[PDB]
Every structure is written in C-alpha cells, then in structure tokens.
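Below is one structure, written out as structure tokens, with a few remarks after it.
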Amino acid sequence: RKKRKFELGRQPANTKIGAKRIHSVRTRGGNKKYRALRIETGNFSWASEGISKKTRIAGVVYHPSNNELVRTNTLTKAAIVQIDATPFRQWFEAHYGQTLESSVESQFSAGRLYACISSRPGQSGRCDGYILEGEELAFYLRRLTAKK
Amino acid sequence: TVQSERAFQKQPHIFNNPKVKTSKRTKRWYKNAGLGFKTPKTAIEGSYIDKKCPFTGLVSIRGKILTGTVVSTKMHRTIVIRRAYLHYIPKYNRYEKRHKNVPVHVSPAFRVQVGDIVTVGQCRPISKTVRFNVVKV
Amino acid sequence: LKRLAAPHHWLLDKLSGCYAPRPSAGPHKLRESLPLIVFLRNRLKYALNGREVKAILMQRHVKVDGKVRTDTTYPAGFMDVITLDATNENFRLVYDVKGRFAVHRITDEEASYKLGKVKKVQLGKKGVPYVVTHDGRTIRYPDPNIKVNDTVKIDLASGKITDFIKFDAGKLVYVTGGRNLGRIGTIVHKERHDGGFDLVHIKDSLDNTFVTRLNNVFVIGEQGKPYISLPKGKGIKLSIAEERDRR
Amino acid sequence: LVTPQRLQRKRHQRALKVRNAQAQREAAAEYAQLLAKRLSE
Amino acid sequence: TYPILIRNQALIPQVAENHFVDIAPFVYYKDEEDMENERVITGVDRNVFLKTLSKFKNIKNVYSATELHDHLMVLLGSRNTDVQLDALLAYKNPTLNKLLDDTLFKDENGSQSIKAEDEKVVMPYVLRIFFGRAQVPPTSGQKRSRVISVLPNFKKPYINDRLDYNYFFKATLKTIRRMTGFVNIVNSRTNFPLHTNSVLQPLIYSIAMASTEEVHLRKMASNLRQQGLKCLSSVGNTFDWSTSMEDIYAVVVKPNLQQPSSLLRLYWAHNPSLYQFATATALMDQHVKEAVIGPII
RNA sequence: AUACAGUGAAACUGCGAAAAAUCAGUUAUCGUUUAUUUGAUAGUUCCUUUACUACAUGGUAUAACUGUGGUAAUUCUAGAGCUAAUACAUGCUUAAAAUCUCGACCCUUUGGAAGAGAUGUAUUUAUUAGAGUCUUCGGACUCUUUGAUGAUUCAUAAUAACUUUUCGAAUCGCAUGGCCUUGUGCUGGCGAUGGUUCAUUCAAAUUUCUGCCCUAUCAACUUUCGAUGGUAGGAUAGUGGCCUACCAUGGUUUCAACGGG
C-alpha cells in the first residue's frame, strides 16, 4: 500500500455531452471511483428554494481556465452551462402560484438558465450544478458581457 | 478591489439567500486560529476571499510557531522570511553567524513591511515550497 | 518477523534463539503491552515452550477480561484481568516501581470488573453519545459528565459503566509510561499548557512533587481508598540505599 | 435443500435482529432517563 | 401446462389455438405459464382487438397476480410493438422498459402507451428500498412534466378501483386500493377521480369501523391526502355529497380533519361550510384548538 | 442411515506471498489509506397484492472427471460432454410492517387506550443547526436547549434530489430442547464465516525542523520543455505545479549558491 514514484501522470477523462458512459476505476484504499465519459445528463439544483432535479444538460458556455474546453464542450467543475429550466419552472408554478427574481424570470421565457458545476465528474462519477442566483448571477452576467 | 481573475472568487458551502436581506451580502465565515492567536476586525470585515487564510479560508494552524523578519515581498501573494540564528560548532570556538530562509504564504488582510518582525505558524503544504502561514505580525 | 530488540521491560532471555514475539493487532500499543507468550513462558513459568503455551491457550483455560481469546500473540496490555479458571487465579497485570509488569492474585469480587482511562467522548451515529477507553472498548450511552482523560469502571459481565472517577484537583492517581513509572498521589499542582507537557503533580509519603506528560497518567480513585490493589507495598520507590540503611 | 436445520437458522437470524433492536431501544430509553435526572440535578 | 406452452412456443391451427388462448387470456405454475404464453404470443382480427387491450393492460400494469414485473412489462411491450413517429416512440418506450435518460428524453396513442409503460415500470416499486424512493419521485416528476397524461393517470387509478352505491353510501383488495389511492394522491378526470377516492375512503371507513391497522393507516393517509387535495383545488354539490357522511361519522370525534375544517372556512369556503352547518365544538375542543379559534373567528 | 454424515486423492474457493544525497531523531496529518485483531454496531428489499404472491429459500457455468488427439521433449496443449458453492449473477424477507410520541377520556394508573403524527444506511451536491417569589418548611412555583478541540466548513442531525450501484446473511459444524393449536406446527442454544459505519491496533504515506569531509588560480546558478508564486481545473488514496491554462518575473547566493573528488 501507498508506495512513491518520481514523476508521471495519467490520461484525463475530459468528458463530453452525448452518449453517457461511466467507467469505474480502481482506487487504493476503498471508494472505487468512476470516470464519467461523455455524460449527457446531470443533477441540477436551485440555491434559494432548494430543489434538485435530474436534467438534460444542454452545453457549457463558459470555462474560466481554458477557452478551448467550451469549444470541445468539456464538463469539468466550475463551468457555466445551460440545461432545460422546465422542471424548476414546473415546481415554481406548482408551489408559488405565480405561473410565470427578476433576472431569472427574464431567463425562464428565454428558456435555458445558467448554472455552476460543483462535482468533478472526471473523477467522482456524477455531475451536479447549482443554478447561479445573486451576486454570482451578477458577476456571471458580467461574464456574459465578457463573452460578448 | 476584490475580483481579479477569470473565475469568480468562491468560498463554498456558505452562501446568502436573495430573498433574505442583511448588510453582509454573504454569511461571512471566520475562525480563531488557536494558541492564543486572535483574529482582527480588519480580517473579519475585509471582504477579501483568501481560500488559504488561517482565519477565514480552509487551513488550520497547528504545531510549530517560529519568528522571523521580512526579507522581500517580491512575489505574488507569498512573502520570504529570513532567520539569522546564532550558531556554534566546537570546531570554531566562536559564536558564528548563519542565516535561514523560507517562503511563507501571506494574506491580504495584513500590511507587509520589509524589516519588521513576523510570527509565523506551521500549517499544511500550500505550494511547492510554501508550508507555513502568517498568523500575526 | 522482525525482532531481537524487543521492549526490554519484557525481560526475555537473550540465549533463547534469535527472535522475539510480535504482538498482533489488539487493544493496546506495541511497546506497552505484553502478549500471553511472554506472560506464560518467561514471566510466571507455567509452560516451558511456546507451543505448549499454544496448547494451554487452545484448551480454553485462560480468559482475558471475560472471554477466552484463544491466541498466542494477543496483546493483552495494561490494567485488564486474566481469570485463569483452573488455579483459581485472577492475574491483574499492573506496573511496578522499576518498569516491569508486576502481577497480582486478585479476589474474584474485584476481578469481576476492570477500569481504564477514556481517550475521547464523541457522538457516533444517529445522535448517539459514545465514549472510548484506552483498550478500545468503545461503549455507548455514558453519563455525559464524562470528560476527556477520565476513568470509567467497566462491569465486564456486560460492557456497561458502574461508576466513574471524575478527575479534578485531588483524587488518587496512577501513572503509566515514562521514567516516573509506578507512583501515586495527585495533590501538589495541576498544570495545563497548550499542547501537552503538563501534569497533575504528585504527592506521596515522602511528598515527591513529580510530573510527566498528561498522556502518561490516569486516575484510580479517592486518596487512601483505591479501586485497584497495588503490588509490594503500593509502589513508592523510596530508595534502595535507604532500605539497606534501615533494614 | 430445505432440511429442518436451515429454516431454524433463518428463524434464529430473525430473532437475533429483533432481540438486538430490543436491547438497543431499551438502552436508549435508559440514557433518556439518565439525561432527565442530569437535567433535574 | 409448461410443456404445452413450450410446444406452442415451438410452433391456421396455431391461430385457432391463439383464438382459444385469447378467450382464456381475456378470462385470466400460472405465473411461469403466463410468462411462457406471453413470450409465445409476442412472436386474428377481433381476437386481436381484444388481445391489444389485454396487452395494453399488461403493459400499463401488472395488478392482480403480481406487482409490476419488468419481464412481464418487456413481454407486453414487445407484444404491443408487434401489434401496432412510431419507430421513434417505440425506441424511446423500449429504452424506458429497459429509465433515467429515457424519462429525460420523454419529458397520441404513443402518449397513452407512454403513461402506461411509465406507471407500469414505476408502479409503486416499493416504499423506500434504496431505489424505490427515487423511482417513485421519477414517476411523479414524469407525470407532472408530461392534461391528457394526468387524466389517463387518474383513469388508470380508477381502472384499478358498484359505483352507484359507492357514490350513495374485499378487505385486502380494498387495502390495496387504499394504498393505490394514497400513492395516486401522493403526486404533486377530476370529478371521477374525486368520486373514486371518496368511495375508497368511505369503504375504508366502513370496513375499519366494522389488517385493521392497515386499514387505519391507509384511511388516515387517505383522509389527510383528501384534505390536501381539497386545499390544493379549492363545485360544492359533489363536495357536500362526499363530506356529508364523513363529517357525520366524525361529529363526536372532531372534539387532518380539523385542518380541513379550518381551511374550508376562509368567503366562498365559508359558504361551503355553512352549507353543512358543530363548529363551536370544533372551536372549544392547546395550540391545535387555539389556531382554529383565532383563525375561524 | 434410500439426500449426505467420521476417513480422504484431486480440483474449485478463501488468505498470504509487496557527500543535506542515505539517514539518526523531532512535528503534524483539523492533508491521506486504514487490510488483519479487538469493541460497539441494522426490524424499512413485495403491497396499480383477492382471479394472493419464488422465502420451507430461485438461476447459470464450469474445475477435478470422462473421451478424442497432436508432440521431438514437458510446469505444452485443442475439441466435446457432464457436476458443486461463502465462486459468479440475481433476489423477497408475513400481527405488512413494527416502534415512539399526544396521550383527551376513564379508573385510578407503574395503566389501557379510540385516533391527531413520524420512521434505514451508502454515493454526489446545495443549505440549515452545529452558540423573583409561594412556602404544609419538606420542598416547590419554569427554567434560560446541546459533544469535543488551542482551533473548525469538525463530529452529528434534519432538509430537496440524483443513485448504471452500495449494504441491510439464499452460508456452515455440533446438540436436539420448551410449548400444544400432535402439525413435519410454533419457537430455541453454543459460534465459524461474510457485510454497513465508527473507534483502537499495527502497517504505509508524505511533511516540520537540529545535525556530516576538502574547496572561490570553484561565483553566479536557474525560467528550455513552468524556473519562482497566485487563481481555476485536470488528477490522486492525497496536500502540493504533480501536471493543464491565464496573470506576475521570479527564486538561491559570497555567511560560500553552483561545480569539482
């Protein structure tokens, strides 16, 4: 158990969207990990009201460390993705009675929201994101202006 | 100025709710470092991020507490400390002089002056060579 | 099978082959326990050689603190009892004035229980408070006035607690480990640093104010009324030169 | 094959689980009364 | 029987035997024989029309003998895809009978068979079971995300569970139907579903006032869910025709139901309650009475 | 002994064969694994169940074996058919559940209770919590609700989901006992293995600092192909440029860095 070597690495998972595949990988000392390869779905959660749903991810539109990952549509941690917005819209209509915040009510009728990945599906085994709302929504709208 | 990177400066698992309101914008987390080290109000109400702060970040100080003096601040968010301890080997029969150098992680909640005396604590590894952490000047 | 430099308070013979027994995993550490091979082979001499010790272990004659533990390299370390059903014997193994494992012949009504210092009090699962002790008996539902570095009195029929000695300034104490081994008495000073190197200081018949590490000390009971018996005049280490001067 | 032994073993397993749960939920109530008297003092 | 079904799988005269078997399958060892006969029959005209309805029942549910076998659902979906856009719906329903990505993709006969196979393969898989909670939440999410779908779901609930005496005024099947009604009202055709749920709650009340703990827990959960359904809906004719005998039996007991009596009394709700009236007894007979008094006043 | 029973070839299975450079110590793991031993550890798998159900317990897929050969040798082989499980792969666990509140009412309580309500673990997130009198003179009258650490975003509980899935015993040797509804009926012991999580144990892993020869006719070394830091990510049992991007241009040193034996 747990020897040491000098200098090497391994090949990344660098997962995509479409044809979700999960490959298990051997971990020394419990917690047998899972590399997600080309995963197309994810668990996405509202921050304020606190409701998750599994949702088809549409695509990552921003990455803060490599712009080429947005071109290749790579799902790492801390990215900006679009998903569906419809089950969160369904819960919103069902349990608030509004049947529609300002800058997310403007995103509802646009159709797709923005969220942040918090798992590491290259190593963990699943993808989760929470829908950005508040000052995170402010700086990421400024990051949309940094896009345009 | 706070934001200085392509990524948003995140302090995870602690976030405000927009429907509730306070004059803090995030339930800002702070901790006392221990061994009598006391957090300052400038470090508390400073809205700096510092994910490697030993009062508000993720790291916790423990064990060794050394002293030293600042020799340079010519690195981005890391400082270098000197220790010119008095030294004696019996081959010399005299109080000879050496010096010991180390890099120490630094926080944006504290002024830095080349020459003043800093009290430094031991923490987890932070860089390739930075292992310690500033806790108090 | 690495050996021939054992913990030298075991006092095995050096012209006894080459090796020395490896204590397996168990309730105590490596160099502060004493396996039953070293016990029954060169400490009281009931069996000559180690396979005969394996025979008397396999034939269910020996039980450490309640159950049998049919194992040669079983590190039955400090403060437990060994109820040899034949020979009517209750070996409690405690410490001495010099650093060895002194033996007793305990009565049955005292061998029915054992005690030990706790190491932590925690909340385990589903909000259940459980304490540990030094020999790994992580037992649930204490009285929640149990503090760290305190002693409970395990019932040894069940694993329940019958009583505890809430240590503070001034209740009778034992020591274990370090160069001030085997001493008693708890009342001079109570030092508390931040990071160890502290003791409840000791007072004896000669009132020797002594200290060690707080990890190297644990409690017994009230002054003059101890819960455990102690071997050979309740070990003091006055002086051997003064002993040969008086008697 | 269903010999008389195997269902006896299954019966003993089921009664073992129920009896362990019974003793545990007795000890929880005992600690509850102990915390009650520690409150009262 | 198993040998003969194996011979029929090893098989005009086969279609005439299939017509006789269509009679026997419209009527009703039997589980393995039904599996073998379904695997044979998935590989006439009016017997085909009746067998399409029987296979739609077997791909919408496995209600009587078993409870939602996945092999039975696969055999019934293969028979329905052999009987009757269509290719894409068939591939999505086949991946659903194989559930997460299929529900994410499928989030009008194809819609009927889709609600059929979805509530079949997640037809109350268990209580918790470390996956049945997620499966029941997935079925509720699909039923809320797919009005014809909810109408067909209430239609299947009523098809599980005469009606004239059940609207005017089998214990184990009634307990299973009460669990079905609790599971149906567990979701986040309204008049027929309310009539069937009121009939189930009234029959549970009668058989409980006459297994008894099963009927008690099912009637309690069904009454709490009925109060929740009336509070989430908020017609007074069938409302009075349901509430009359229930509150009459709960006349002395009311000294769930009290929260319904306090939620159906706060303008048009006040008219709906004064259509019945008792209320002073509900006020006088504690925070559970204090909130009702200091709201109803 | 018409399932076998103690004996045991062979084989399957289970386990174990893992010249500040080295180190001698020291510090932490509130920065990881925690196999083996030891101690506590878990009622929840079907209820669109009466045209009522695999659990008195369901399925393959093969060794050894039998048979056909090759071959020049044997720790070489190909084909075929059998037959097992703590191997492999599924899988339901019978007052359908069961337990604690509230217990109004009675009858006097140490109750017995009609009905108002709740109930696993694991994985990955996002939160939240986690900080002066009356006095039968006897006592009471409401009191200020939380574990530990020097230190937590710790331990843990709940919340809303996702689980390609986790576990929640399809196992084994000895005795055969108590009951009465005499039925292959209900229950029952000693303890071998396996499994969830926590603690302990040893074992591994880094990491802290104190310490070794001769040198300046040895003073500059390193950013190339990250040399020195930050930020985010990949990874990894794991911190950490260990690597990938963008930013900054550093760091070591004459007290002998760097090189020479």
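We name chains A, B, ... following the order of the structure tokens; residues begin at 1 in each chain, and ligands are numbered from 1 as shown.
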Set out as CSV a contact list for chain F and chain C with a cut-off of 9 Å, giving each residue of chain F that qualifies its closest atom pair and distance in Å to one decimal, counting only C-alpha atoms (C1' of nucleotides), ordered by chain and rising residue number.
residue,atom,partner,partner_atom,distance
F:36,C1',C:25,CA,7.3
F:37,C1',C:25,CA,4.4
F:38,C1',C:26,CA,5.1
F:39,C1',C:137,CA,4.3
F:40,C1',C:138,CA,6.0
F:147,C1',C:122,CA,5.9
F:148,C1',C:122,CA,7.0
F:150,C1',C:194,CA,6.3
F:155,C1',C:123,CA,6.2
F:156,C1',C:127,CA,6.0
F:157,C1',C:127,CA,6.7
F:197,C1',C:125,CA,8.2
F:198,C1',C:124,CA,6.4
F:199,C1',C:138,CA,6.1
F:200,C1',C:136,CA,4.6
F:201,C1',C:25,CA,4.6
F:202,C1',C:25,CA,5.4
Report task. Show me which bits of chain D are within 10 Å of chain F, counting only C-alpha atoms (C1' of nucleotides), as JSON, numbers by chain. Result -> {"D": [1, 2, 3, 4, 6, 7, 8, 10, 11, 12, 13, 14, 15, 17, 18, 19, 20, 21, 22, 25]}
Keeping only C-alpha atoms, write the selected residues as an mmCIF file, in the first residue's frame.
data_model
loop_
_atom_site.group_PDB
_atom_site.id
_atom_site.type_symbol
_atom_site.label_atom_id
_atom_site.label_comp_id
_atom_site.auth_asym_id
_atom_site.auth_seq_id
_atom_site.Cartn_x
_atom_site.Cartn_y
_atom_site.Cartn_z
ATOM 1 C CA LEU D 1 -32.486 -28.350 0.110
ATOM 2 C CA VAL D 2 -34.926 -27.381 2.837
ATOM 3 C CA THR D 3 -33.743 -29.512 5.727
ATOM 4 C CA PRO D 4 -35.086 -28.721 9.223
ATOM 5 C CA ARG D 6 -31.794 -24.138 7.530
ATOM 6 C CA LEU D 7 -35.123 -22.587 8.491
ATOM 7 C CA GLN D 8 -34.145 -22.949 12.148
ATOM 8 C CA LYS D 10 -33.217 -18.319 9.456
ATOM 9 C CA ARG D 11 -35.519 -18.162 12.489
ATOM 10 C CA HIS D 12 -32.514 -17.621 14.756
ATOM 11 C CA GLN D 13 -31.246 -14.853 12.454
ATOM 12 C CA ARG D 14 -34.591 -13.036 12.530
ATOM 13 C CA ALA D 15 -34.927 -13.392 16.311
ATOM 14 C CA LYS D 17 -32.024 -8.999 14.757
ATOM 15 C CA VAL D 18 -35.238 -8.333 16.707
ATOM 16 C CA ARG D 19 -33.597 -9.031 20.080
ATOM 17 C CA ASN D 20 -30.618 -6.784 19.303
ATOM 18 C CA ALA D 21 -33.001 -3.983 18.310
ATOM 19 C CA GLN D 22 -34.997 -4.567 21.517
ATOM 20 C CA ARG D 25 -34.056 0.625 22.140
#
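Atom CA of residue A:127 is found 26.5 Å from atom CA of residue B:27.
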Counting only C-alpha atoms (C1' of nucleotides), which residues of chain E fall within 6 Å of chain F, and what is the closest atom pair for each with its distance in Å at one decimal, ordered by chain and rising number, as a tab-separated table?
residue	atom	partner	partner_atom	distance
E:63	CA	F:48	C1'	5.4
E:129	CA	F:45	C1'	5.3
E:173	CA	F:50	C1'	5.7
Query - For stretch 222-233 of chain C: contacts at 9 Å, only C-alpha atoms (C1' of nucleotides), fewer than 6 positions along chain excluded, given as an NGL selection string - result: :C and (94-96 or 102-104 or 106 or 110 or 114-115 or 165 or 170-173 or 185-186)
Output file for the selection above: C-alpha atoms, as a tab-separated table (two decimals), in the first residue's frame:
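Dumped to selection_18.tsv:
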chain	number	residue	atom	x	y	z
C	94	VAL	CA	-0.19	-3.71	36.69
C	95	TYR	CA	3.06	-1.79	36.82
C	96	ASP	CA	5.85	-1.78	39.39
C	102	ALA	CA	4.02	-6.86	38.08
C	103	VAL	CA	1.37	-9.47	38.68
C	104	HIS	CA	-1.33	-9.83	41.30
C	106	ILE	CA	-6.88	-10.63	42.69
C	110	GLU	CA	-12.55	-7.34	42.37
C	114	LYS	CA	-11.86	-3.52	35.33
C	115	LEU	CA	-11.29	0.16	34.72
C	165	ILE	CA	-13.89	8.88	38.90
C	170	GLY	CA	-7.21	15.99	44.16
C	171	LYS	CA	-8.33	12.40	43.58
C	172	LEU	CA	-5.91	9.47	43.83
C	173	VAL	CA	-3.99	8.77	40.67
C	185	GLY	CA	-0.94	10.69	44.95
C	186	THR	CA	-2.23	13.69	42.92
Query - Shell around stretch 151-154 of chain C at 8 Å using only C-alpha atoms (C1' of nucleotides), local window under 3 positions removed, as number ranges by chain - result: C: 113-118, 159-167, 218-220
Query - Pick from F:208, F:182, F:66, F:253 nearest to residue B:64, counting only C-alpha atoms (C1' of nucleotides) - result: F:208
Restrict the calculation to only C-alpha atoms, then for each residue of chain A with any atom at most 12 Å from an atom of chain B give the closest atom pair and their distance in Å to one decimal, rows by chain and rising residue number, as CSV.
residue,atom,partner,partner_atom,distance
A:46,CA,B:17,CA,11.0
A:47,CA,B:17,CA,7.8
A:48,CA,B:17,CA,5.7
A:49,CA,B:17,CA,9.0
A:50,CA,B:17,CA,10.5
A:62,CA,B:7,CA,10.0
A:63,CA,B:7,CA,8.2
A:64,CA,B:7,CA,5.0
A:65,CA,B:6,CA,7.2
A:66,CA,B:6,CA,9.9
A:67,CA,B:6,CA,10.7
A:77,CA,B:7,CA,11.4
A:78,CA,B:7,CA,8.3
A:79,CA,B:7,CA,9.2
A:80,CA,B:7,CA,10.7
A:101,CA,B:18,CA,8.4
A:102,CA,B:18,CA,11.4
A:103,CA,B:18,CA,11.9
A:104,CA,B:18,CA,12.0
A:116,CA,B:8,CA,10.8
A:118,CA,B:12,CA,9.5
A:130,CA,B:13,CA,11.7
A:132,CA,B:15,CA,10.9
A:133,CA,B:18,CA,7.6
A:134,CA,B:18,CA,6.0
A:135,CA,B:25,CA,8.2
A:136,CA,B:8,CA,7.6
A:137,CA,B:8,CA,10.5
A:138,CA,B:8,CA,10.6
A:139,CA,B:8,CA,7.4
A:140,CA,B:8,CA,8.2
A:141,CA,B:8,CA,11.7
A:142,CA,B:8,CA,10.8
A:143,CA,B:6,CA,8.4
A:144,CA,B:6,CA,11.8
A:146,CA,B:6,CA,9.7
A:147,CA,B:6,CA,11.3
Store the residues picked out above in a file with C-alpha atoms, as a short mmCIF file (atom, residue, chain, number, x, y, z; two decimals), in the first residue's frame.
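Generated file (again.cif):
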data_model
loop_
_atom_site.label_atom_id
_atom_site.label_comp_id
_atom_site.auth_asym_id
_atom_site.auth_seq_id
_atom_site.Cartn_x
_atom_site.Cartn_y
_atom_site.Cartn_z
CA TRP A 46 -31.88 25.64 -7.13
CA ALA A 47 -29.90 27.51 -4.49
CA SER A 48 -32.67 29.62 -2.94
CA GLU A 49 -35.73 27.37 -2.80
CA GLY A 50 -33.60 24.22 -2.62
CA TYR A 62 -18.02 29.36 -20.27
CA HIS A 63 -14.88 27.89 -18.70
CA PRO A 64 -12.63 30.08 -16.50
CA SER A 65 -9.33 28.29 -17.17
CA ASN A 66 -9.34 27.22 -20.84
CA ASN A 67 -11.48 28.66 -23.62
CA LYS A 77 -16.01 21.58 -12.24
CA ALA A 78 -16.98 25.29 -12.12
CA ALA A 79 -18.34 25.91 -15.61
CA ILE A 80 -21.38 27.77 -16.95
CA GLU A 101 -36.29 37.07 -9.01
CA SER A 102 -36.34 39.50 -11.96
CA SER A 103 -33.16 38.30 -13.70
CA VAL A 104 -34.31 34.67 -13.55
CA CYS A 116 -22.28 26.07 -11.94
CA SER A 118 -19.64 21.58 -8.33
CA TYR A 130 -26.49 24.71 -8.81
CA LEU A 132 -26.48 30.76 -10.00
CA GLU A 133 -28.56 33.41 -8.25
CA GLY A 134 -27.50 36.64 -6.55
CA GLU A 135 -24.04 38.19 -6.74
CA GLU A 136 -22.91 35.05 -8.58
CA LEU A 137 -25.62 35.86 -11.12
CA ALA A 138 -24.33 39.45 -11.22
CA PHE A 139 -20.71 38.53 -11.94
CA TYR A 140 -21.75 35.83 -14.39
CA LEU A 141 -23.95 38.27 -16.29
CA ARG A 142 -20.81 40.40 -16.37
CA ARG A 143 -19.01 37.30 -17.67
CA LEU A 144 -21.66 37.04 -20.40
CA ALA A 146 -17.11 39.43 -21.22
CA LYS A 147 -18.19 36.81 -23.77
#
Query raised in the report: Interatomic distance between atom CA of residue C:234 and atom CA of residue C:182?
Result: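 It comes out at 8.8 Å.
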**Report entry** DSSP-assigned alpha helix (DSSP H) among stretch 146-245 of chain E, expressed as an MDAnalysis selection string
**Finding:** chainID E and resid 150:160 163:168 171:185 191:209 212:233 237:245
For chain A versus chain E, which residues have an atom no more than 12 Å away, and what is each residue's nearest atom pair and distance in Å rounded to one decimal, using only C-alpha atoms, chain-then-number order, as JSON lines?
{"residue": "A:18", "atom": "CA", "partner": "E:101", "partner_atom": "CA", "distance": 10.9}
{"residue": "A:19", "atom": "CA", "partner": "E:101", "partner_atom": "CA", "distance": 10.1}
{"residue": "A:20", "atom": "CA", "partner": "E:101", "partner_atom": "CA", "distance": 9.0}
{"residue": "A:21", "atom": "CA", "partner": "E:101", "partner_atom": "CA", "distance": 11.7}
{"residue": "A:39", "atom": "CA", "partner": "E:101", "partner_atom": "CA", "distance": 10.6}
{"residue": "A:40", "atom": "CA", "partner": "E:101", "partner_atom": "CA", "distance": 8.6}
{"residue": "A:41", "atom": "CA", "partner": "E:101", "partner_atom": "CA", "distance": 7.4}
{"residue": "A:42", "atom": "CA", "partner": "E:101", "partner_atom": "CA", "distance": 10.1}
{"residue": "A:43", "atom": "CA", "partner": "E:100", "partner_atom": "CA", "distance": 11.4}
{"residue": "A:52", "atom": "CA", "partner": "E:137", "partner_atom": "CA", "distance": 11.4}
{"residue": "A:53", "atom": "CA", "partner": "E:141", "partner_atom": "CA", "distance": 8.9}
{"residue": "A:54", "atom": "CA", "partner": "E:104", "partner_atom": "CA", "distance": 7.8}
{"residue": "A:55", "atom": "CA", "partner": "E:104", "partner_atom": "CA", "distance": 6.7}
{"residue": "A:56", "atom": "CA", "partner": "E:104", "partner_atom": "CA", "distance": 6.4}
{"residue": "A:57", "atom": "CA", "partner": "E:104", "partner_atom": "CA", "distance": 10.1}
{"residue": "A:83", "atom": "CA", "partner": "E:104", "partner_atom": "CA", "distance": 11.4}
{"residue": "A:84", "atom": "CA", "partner": "E:104", "partner_atom": "CA", "distance": 10.2}
{"residue": "A:85", "atom": "CA", "partner": "E:145", "partner_atom": "CA", "distance": 11.8}
{"residue": "A:86", "atom": "CA", "partner": "E:145", "partner_atom": "CA", "distance": 8.2}
{"residue": "A:87", "atom": "CA", "partner": "E:145", "partner_atom": "CA", "distance": 7.0}
{"residue": "A:88", "atom": "CA", "partner": "E:145", "partner_atom": "CA", "distance": 10.5}
{"residue": "A:89", "atom": "CA", "partner": "E:145", "partner_atom": "CA", "distance": 10.2}
{"residue": "A:90", "atom": "CA", "partner": "E:145", "partner_atom": "CA", "distance": 7.4}
{"residue": "A:91", "atom": "CA", "partner": "E:188", "partner_atom": "CA", "distance": 9.0}
{"residue": "A:93", "atom": "CA", "partner": "E:144", "partner_atom": "CA", "distance": 11.5}
{"residue": "A:94", "atom": "CA", "partner": "E:188", "partner_atom": "CA", "distance": 7.9}
{"residue": "A:95", "atom": "CA", "partner": "E:188", "partner_atom": "CA", "distance": 9.1}
{"residue": "A:96", "atom": "CA", "partner": "E:232", "partner_atom": "CA", "distance": 11.9}
{"residue": "A:97", "atom": "CA", "partner": "E:232", "partner_atom": "CA", "distance": 10.7}
Go ahead and save the picked residues with C-alpha atoms, as a JSON list (two decimals), in the first residue's frame.
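Result file out.json:
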[["chain", "number", "residue", "atom", "x", "y", "z"],
["A", 18, "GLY", "CA", -23.90, 12.83, -25.53],
["A", 19, "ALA", "CA", -23.78, 9.01, -25.13],
["A", 20, "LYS", "CA", -23.38, 8.93, -21.34],
["A", 21, "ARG", "CA", -20.89, 6.29, -20.25],
["A", 39, "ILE", "CA", -22.09, 12.23, -19.84],
["A", 40, "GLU", "CA", -25.26, 13.88, -21.15],
["A", 41, "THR", "CA", -27.38, 14.38, -18.00],
["A", 42, "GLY", "CA", -26.85, 15.89, -14.57],
["A", 43, "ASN", "CA", -28.29, 16.75, -11.18],
["A", 52, "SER", "CA", -32.89, 19.40, -7.24],
["A", 53, "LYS", "CA", -33.86, 17.61, -10.43],
["A", 54, "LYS", "CA", -32.06, 15.42, -12.92],
["A", 55, "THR", "CA", -31.98, 17.46, -16.10],
["A", 56, "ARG", "CA", -30.56, 17.06, -19.60],
["A", 57, "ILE", "CA", -27.59, 19.41, -19.78],
["A", 83, "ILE", "CA", -29.87, 22.86, -19.09],
["A", 84, "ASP", "CA", -33.67, 22.83, -19.62],
["A", 85, "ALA", "CA", -35.25, 25.05, -16.89],
["A", 86, "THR", "CA", -38.59, 23.27, -17.25],
["A", 87, "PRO", "CA", -38.84, 21.13, -14.04],
["A", 88, "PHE", "CA", -37.73, 24.05, -11.87],
["A", 89, "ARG", "CA", -40.27, 26.18, -13.74],
["A", 90, "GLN", "CA", -42.84, 23.45, -13.02],
["A", 91, "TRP", "CA", -42.09, 23.45, -9.28],
["A", 93, "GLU", "CA", -45.60, 27.37, -10.85],
["A", 94, "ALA", "CA", -46.83, 24.49, -8.68],
["A", 95, "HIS", "CA", -45.79, 25.71, -5.24],
["A", 96, "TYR", "CA", -45.59, 29.50, -5.59],
["A", 97, "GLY", "CA", -48.73, 30.09, -7.66]]
**Report entry** Distance of atom CA of residue E:158 from atom CA of residue E:82, expressed in Å to one decimal place
**Finding:**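 Going from atom CA of residue E:82 over to atom CA of residue E:158, I get 27.9 Å.
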List every residue of chain B that has an atom at most 9 Å from any atom of chain F, giving for each one its closest atom pair and the distance in Å to one decimal, counting only C-alpha atoms (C1' of nucleotides), sorted by chain and then by ascending residue number, as a Markdown table.
| residue | atom | partner | partner_atom | distance |
| --- | --- | --- | --- | --- |
| B:4 | CA | F:231 | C1' | 8.4 |
| B:5 | CA | F:231 | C1' | 6.3 |
| B:6 | CA | F:232 | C1' | 7.9 |
| B:7 | CA | F:232 | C1' | 6.1 |
| B:8 | CA | F:232 | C1' | 8.8 |
| B:9 | CA | F:231 | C1' | 8.4 |
| B:12 | CA | F:153 | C1' | 8.4 |
| B:13 | CA | F:153 | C1' | 6.9 |
| B:14 | CA | F:153 | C1' | 8.0 |
| B:15 | CA | F:127 | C1' | 8.4 |
| B:29 | CA | F:153 | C1' | 8.6 |
| B:31 | CA | F:152 | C1' | 7.0 |
| B:32 | CA | F:151 | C1' | 6.2 |
| B:33 | CA | F:151 | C1' | 5.2 |
| B:34 | CA | F:150 | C1' | 4.2 |
| B:35 | CA | F:150 | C1' | 4.7 |
| B:36 | CA | F:150 | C1' | 7.0 |
| B:37 | CA | F:150 | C1' | 8.9 |
| B:58 | CA | F:153 | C1' | 7.6 |
| B:59 | CA | F:30 | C1' | 8.3 |
| B:60 | CA | F:30 | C1' | 6.3 |
| B:61 | CA | F:151 | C1' | 7.5 |
| B:62 | CA | F:28 | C1' | 7.3 |
| B:63 | CA | F:27 | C1' | 6.7 |
| B:64 | CA | F:27 | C1' | 7.2 |
| B:74 | CA | F:250 | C1' | 7.7 |
| B:75 | CA | F:229 | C1' | 5.8 |
| B:76 | CA | F:229 | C1' | 5.3 |
| B:77 | CA | F:230 | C1' | 6.3 |
| B:78 | CA | F:229 | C1' | 6.3 |
| B:96 | CA | F:255 | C1' | 8.8 |
| B:97 | CA | F:255 | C1' | 6.4 |
| B:98 | CA | F:255 | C1' | 5.3 |
| B:99 | CA | F:255 | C1' | 7.1 |
| B:122 | CA | F:208 | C1' | 7.7 |
| B:123 | CA | F:28 | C1' | 8.3 |
| B:124 | CA | F:31 | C1' | 6.2 |
| B:125 | CA | F:239 | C1' | 5.8 |
| B:126 | CA | F:240 | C1' | 6.5 |
| B:127 | CA | F:240 | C1' | 5.6 |
| B:128 | CA | F:240 | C1' | 5.8 |
| B:129 | CA | F:240 | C1' | 8.7 |
| B:131 | CA | F:207 | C1' | 8.6 |
